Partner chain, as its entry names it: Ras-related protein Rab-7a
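To begin, one chain is listed below as structure tokens, in the form deposited without its partner chain.
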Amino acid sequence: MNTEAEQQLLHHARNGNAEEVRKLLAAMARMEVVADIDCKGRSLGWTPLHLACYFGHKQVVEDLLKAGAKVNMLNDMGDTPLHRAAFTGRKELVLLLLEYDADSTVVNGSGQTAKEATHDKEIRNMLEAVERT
């Protein structure tokens, strides 16, 4: 099962409590708690990065990437955080993820790219372009 600090990190990332994320990351840095920054929920495979992207907590997303969170982690559905940012139409977060070398080609378990999963016109244009590169 997940460590206590991992449970706290998932919880705070889901709800956007940005200072608690940074406090947990700082404690992980000083090795005062045992926690994987790429931990995954159980009970489904969603990282703190997945959650912060899906629910739009931009400061959390940035501090997680700054601290080295893996950017193409797949949840159970085969979705990346870019899938989740694109699905929920978060323009700024799509750009921030690409900045951190997020692979936009990844096909989820359903057979979709993040482009194919968005309903946003802007984001679909943006990923259309990245797809051409």
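Residue numbers count along the first chain shown, from 1.
Per the record, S43 and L44 are separated by 1 to 3 deposited residues that are missing from the model. In the PDB entry, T133 places in the highest third of its chain by CA B-factor. For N72, the recorded CA temperature factor ranks within the lowest third of the chain's modelled residues.
The deposited CA B-factor of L127 belongs to the lowest third of values across its chain. Sorting the modelled residues of the chain by their CA temperature factor places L9 in the lowest third.
When the CA B factors of the chain's modelled residues are split into thirds, the value for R90 lands in the highest one.
What follows is about the form solved in complex with its partner chain, which we do not show.
By the criterion of a heavy atom within 4.5 Å, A67 is counted among the residues contacting its partner chain in the bound PDB entry. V34 falls outside the set of residues with a heavy atom inside 4.5 Å of its partner chain in the bound PDB entry. When its partner chain is considered in the bound PDB entry, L25 lines it closely, a heavy atom lying within 4.5 Å. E62 belongs to the set of residues with a heavy atom inside 4.5 Å of its partner chain in the bound PDB entry. Considering its partner chain in the bound PDB entry, the lone stretch of 101-109, 25-33, 75-83, 49-57 in range is 25-33 [heavy atom distance within 4.5 Å].
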